[PDB]
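What follows is a short report on a single structure.
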Amino acid sequence: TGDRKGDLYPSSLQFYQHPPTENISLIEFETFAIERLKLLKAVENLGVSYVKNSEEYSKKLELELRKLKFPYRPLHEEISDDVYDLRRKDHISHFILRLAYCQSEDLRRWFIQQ
Amino acid sequence: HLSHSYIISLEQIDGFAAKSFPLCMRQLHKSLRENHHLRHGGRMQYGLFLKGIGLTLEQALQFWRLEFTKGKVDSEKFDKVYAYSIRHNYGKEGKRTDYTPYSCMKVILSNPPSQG
Amino acid sequence: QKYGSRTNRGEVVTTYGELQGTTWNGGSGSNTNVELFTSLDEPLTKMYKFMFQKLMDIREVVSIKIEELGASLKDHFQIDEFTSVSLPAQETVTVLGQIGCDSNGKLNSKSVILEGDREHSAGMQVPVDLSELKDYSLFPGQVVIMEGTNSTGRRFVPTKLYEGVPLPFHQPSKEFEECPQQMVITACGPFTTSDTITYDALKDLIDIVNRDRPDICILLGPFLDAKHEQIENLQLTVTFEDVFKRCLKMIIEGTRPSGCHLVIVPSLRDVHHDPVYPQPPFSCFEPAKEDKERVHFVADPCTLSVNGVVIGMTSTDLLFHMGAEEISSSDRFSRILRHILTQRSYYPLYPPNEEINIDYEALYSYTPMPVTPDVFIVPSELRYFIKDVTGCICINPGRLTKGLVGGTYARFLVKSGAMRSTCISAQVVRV
Amino acid sequence: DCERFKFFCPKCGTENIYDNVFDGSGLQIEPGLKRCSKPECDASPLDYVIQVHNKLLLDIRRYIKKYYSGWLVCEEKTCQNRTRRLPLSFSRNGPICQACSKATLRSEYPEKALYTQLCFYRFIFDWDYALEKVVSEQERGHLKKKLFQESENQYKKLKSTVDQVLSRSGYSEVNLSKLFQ
RNA sequence: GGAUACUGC
Ligand code: SF4
Ligand SMILES: [Mg+2]
Ligand SMILES: [Zn+2]
Ligand SMILES: [Zn+2]
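Chains as they are written, first to last, in the deposited numbering: chain A, 16 to 129; chain B, 258 to 264, 277 to 385; chain C, 159 to 488, 493 to 581, 587 to 598; chain D, 1272 to 1452.
Rendered as structure tokens:
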């Protein structure tokens, strides 16, 4: 909690219920959108290639999450600023992709699945 | 465009019409490509034949849409009218029966063709 | 070479007001209070996001400009009702609108159109026939009220052109009644010769400042001209920001002995600054702790208060811009200056000249003239002058450098409540 | 539809067109500003990075001036009226052309055009983006070593200019409250 | 190609 943080992101996992209210930059918008698109495409490819309970699936998904810097593991330390940042990413990116993936039923289904 | 962000074929049908298509289908295809429109009997016969060769519902829909759109008709008109017929030929609606392709006996003894 | 060997150094090329001695001296900014004119509208003091103009927003801004000026003029003239410009009129009707040219060229008496506001005319235009108007002076973007008739429904024929109404002058408070007269030296760019980047004229002006110890020094851009031959052809070995920083350091440090309040006004020709009008103040230089109270980075245009004296200033060459478009029935500069004062905007020309980028929301918010200024600094490529237009002393000090040869600056004395003679004396002098 | 970055070599005077961060394929790939386009010319544009900065600022000024010129063209082919003046008479689609009174005036250089031009100038200097997206695997490996750190730093500095300009553009903040409600 | 409805003007 360095400068402008709060209790807005208690846990890693979330149901994505409350839309973000912040003012972000266009560069941040684009970066978050593309990064989560990469994450979801990786999820889809790994689901097609491997069994979702397989250990290969878990290893590859962890590698992708680490590469794109998304929250995937808990931390019993506290809400570190870096962690906060990651969670914020996740929360905003999700809703951005919602805006991207609500035009057509097909798209909707795909999004939901991933 | 995020979804499109980098991070049997219809075309060969014409080729088949050169060699494999029986003369009936060859005539129907020639007329279709000459005028981009077929009377009801031709539509039924050619649709059933293209179902027989293996053209999937999506493939047949795409082919008929592309062929008819050139005939100076509204794009929405196709989905309004001919989509149901195309679906029915594949047993998708109505009684929902997988209608078999016409047999030569049926074609000979089916509706007698007339002018046009 | 030519500049360094000039022989007319210090020559007074123009004079106005009370005669003064051959030498001018100031208070070194001792009993001086310089601020931005505190009006209802907030001043432009920081960058505003630009490059995003909706045509609807431009329409709204122009329409509200016409509507507001017309409302003030209607109250002043006791006009009963305005009529739609486009509708036919067999009898005489009063119409409010703005002038324009029917084509892209320069306005002439046969190419005048009147465009009404959204409230009274739905934004419709009408051609204007100036055959029945005996005296007129029109420029594009000028908000006017005219009495005329439109018998054919296709051509408006004005018969009366209502005169402009300037804003009232400022009524100074007594807080500055006992303050002495203040000396102001004003100069405008370019500050370096066409073939040099050494700022020799600026050094001479700084020497003059330290010699005369004025109370305020108003420096108007450009400080790093975009049209400088060295700049355009990319012969500079240092970044634009570095040259501008060096120039500002020279100005500020060199004026330390004089203790003179510096007012820096940007120019649209500043190659290192944001190219948008109204121009935000410079923000790339942080004065030392010993010069923070002396340096004022103001916006273009600026309305300054100096011990109660209101000075309007703009770096934009308003006179050159409007002289190319003003049409008159029969002093041209005095007419243009009166037009500027009566329209109550520091840039009433619409469409603007080709050399100025106008953000119309910022123009609406930061170009209204709060009052009629006591002194109006309007540097121009045209000849230097000191004119008295409707009681306002309009000073064009020229430009410090005119090509290869040295230019001119101006010095004037201002005291609140003098005699309306707020400008005791003024002089355009050679560098 | 965006203009590419034109820089005249100070030594030879030949125009260099830059449209990507990297030029060439395989191990022969290097940053565009490393070598001149003229084989006989040994001058490295990376040496004259002050001049590149100045030319970039001049180009940005040129594009901003083009946008604020406010040129409008009638969308009707048979009219194609070109005017600087925006009329207050509007239809549902926008300004009504005063030459024909039946068609809409469209901006010759809309805001999207300027935004895309600035984004392209940022793109042609985005080292990290080029490495991730544009560059291949072997090329990425060859470019992710030393011997290019100085070029990387200069490219970062040059991208800082376009980033600064874009930060001052209203076409640079996204209000997520307005999007999600 | 056919069949079943009911709006309009
Ligand atoms: S209907 Fe049968 S016999 Fe007649 S041309 Fe076609 S395939 Fe040959
Ligand atoms: Mg029919
Ligand atoms: Zn070269
Ligand atoms: Zn037109």
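Cβ atoms here follow ideal geometry from the backbone N, Cα and C, with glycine treated the same way.
- Under the three-pair Cβ rule at 8 angstroms, the segment 72 to 87 of chain A does not count as touching the segment 290 to 301 of chain B.
- For the pair of segments examined, the segment 1327 to 1347 of chain D was found not to touch the segment 1285 to 1301 of chain D: the number of CB pairs separated by less than 8 angstroms stays below three.
- Residue environment for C460(C): buried (at least 16 other C-beta atoms within 10 angstroms of its C-beta).
- Taking 8 angstroms as the cut-off between beta carbons, the residues of the segment 221 to 245 of chain C near chain D are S221, in sequence order.
- Look at the beta carbons and you see the segment 454 to 473 of chain C touching the segment 430 to 442 of chain C: at least three pairs across the two are nearer than 8 angstroms.
- Residue pairing from DSSP places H419(C) in a beta bridge opposite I374(C).
- Taking every protein chain shown into account, the CB of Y31(A) has fewer than 16 other CB atoms within 10 angstroms, so this residue is exposed.
- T504(C) is the residue among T504(C), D370(C), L265(C), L360(C) whose C-alpha sits nearest the C-alpha of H234(C).
- Taking a C-beta distance under 7 angstroms as the contact criterion, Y526(C) and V219(C) qualify as a contact pair.
- Shown in chain order are the members of the segment 23 to 45 of chain A whose Cβ falls below 7 angstroms from a Cβ of chain D: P34, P35, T36, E37, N38, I39, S40, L41, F44.
- Residues of the same chain with a CB within less than 8 angstroms of the CB of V1406(D), apart from the 5 flanking positions on each side, are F1293, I1300, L1414 in chain order.
- The alpha carbon of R217(C) has as its nearest neighbour, out of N1446(D), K1416(D), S1362(D), the alpha carbon of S1362(D).
- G470(C): member of the beta strand (DSSP E) spanning 467 to 471, first to last residue.
- Here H261(B) is exposed, its C-beta having fewer than 16 other C-beta atoms within 10 Å.
- Listed by position along chain A, the residues whose Cβ is nearer than 7 angstroms to that of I264(B) are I49, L52, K53, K56.
- Using a CB distance cut-off of 7 angstroms, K207(C) counts as an interface residue toward chain D.
- Contact of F110(A) with chain D by beta-carbon distance below 7 angstroms involves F1451.
- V596(C) carries a strand assignment under DSSP once its states are collapsed to helix, strand and coil.
- Listed along chain D, the residues sitting closer than 9 angstroms to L114(A) by beta-carbon distance are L1450, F1451.
- One finds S1360 in chain D with Cβ atoms closer than 7 angstroms to the Cβ of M282(C), taken in chain order.
- Taking a contact to require three or more Cβ pairs closer than 8 angstroms, the segment 337 to 354 of chain C and the segment 557 to 564 of chain C qualify as touching.
- Between the segment 20 to 36 of chain A and the segment 47 to 58 of chain A, the count of Cβ pairs shorter than 8 angstroms is below three; the stretches do not touch.
- Residues of the same chain with a CB within less than 6 angstroms of the CB of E176(C), apart from the 5 flanking positions on each side, are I591, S592 in chain order.
- Inter-residue distance for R334(B) and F1451(D) is about 38 angstroms (C-alpha atoms, whole angstroms).
- Shown here for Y315(B): same chain residues with a beta carbon closer than 8 angstroms to its own, the five before and five after excluded, namely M294, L297, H298, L301, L307 in chain order.
- For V1445(D), the nearest CB of chain A lies under 7 angstroms from its own CB, placing it at the interface with that chain.
- The closest CA to that of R164(C), considering only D362(C), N308(C), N183(C), is found on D362(C).
- Under DSSP, the beta-bridge partners assigned to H454(C) are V421(C).
- DSSP lists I376(C), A572(C) as the bridge partner or partners of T344(C).
- For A247(C), the uninterrupted beta strand (DSSP E) segment begins and ends at 247 to 259.
- Beta bridge pairing from DSSP links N1446(D) with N38(A).
- Using beta-carbon distances, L1327(D) does not count as an interface residue toward chain C, since no partner is under 7 angstroms.
- Going down the chain, each residue whose beta-carbon is closer than 6 angstroms to a heavy atom of ligand 4 shows up: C1345(D), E1347(D), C1350(D), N1352(D), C1368(D), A1370(D), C1371(D), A1374(D).
- For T172(C), the beta-bridge partners assigned by DSSP are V595(C).
- DSSP, reduced to helix, strand and coil, places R1353(D) within a strand of the structure shown.
- Exclusion of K1326(D) from the 6 angstroms shell around ligand 3 follows from its C-beta lying no nearer than that to any non-hydrogen atom of the ligand.
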